[PDB]
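**Student:** just dropping in an experimental structure and the matching sequence.
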Protein chains: 2
Amino acid sequence: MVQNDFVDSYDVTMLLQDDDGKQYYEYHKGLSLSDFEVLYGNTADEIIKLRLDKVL
Amino acid sequence: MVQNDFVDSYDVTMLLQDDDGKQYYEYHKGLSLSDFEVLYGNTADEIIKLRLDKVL
């Protein structure tokens, strides 16, 4: 995504696992380190991947 | 045996910015989610990216 539209505040990409073991990816951008701490604390599940990126 | 080639526990890969205005890495294989909280809490600098990845 272009660095003129994806760009406000940090990006958080996370990947977790489900009952079929087939996994679920999502990204969460235009937020901050405190909002990353929400997703990290909300997880309570099979963690597979996690990323954060202070945009631009 | 400790991480020979990623192979132990959680891969953690952070990136923070120096006063020179460029990034430096914090690669840490063989961690856990509690050790990630230590790394994220103790490194304390201008964080630009991070990753966590459960072992292969």
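**Tutor:** Thanks, I have it. Numbers count the residues shown, from 1 in each chain, chains lettered A, B, ... in the order given.
**Student:** can you pull the contacts of residue A:47?
**Tutor:** By CB atoms under 8 Å, 6 or more residues apart in numbering or on different chains, the residues touching residue A:47 are A:16-17, B:33, B:52, B:54. Backbone N, C-alpha and C define where each C-beta goes, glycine included.
**Student:** residues of stretch A:25-43 that come out buried?
**Tutor:** Across stretch A:25-43, burial judged by 16 or more other CB atoms under 10 Å in any protein chain shown covers A:31, A:36, A:40.
**Student:** let me redo that: stretch A:45-56
**Tutor:** By neighbour count on 16+ other CB under 10 Å, the buried set for stretch A:45-56 is A:47, A:49-54.
**Student:** narrow those residues to those in strands?
**Tutor:** A:47, A:49-53 (DSSP state E).
**Student:** and chain A, which residues reach chain B?
**Tutor:** Residues of chain A lying close to chain B (CB under 8 Å from any CB of the partner chain) are A:33, A:47-54.
**Student:** out of those residues, who's nearest residue A:27?
**Tutor:** residue A:51 (8.6 Å; CB to CB).
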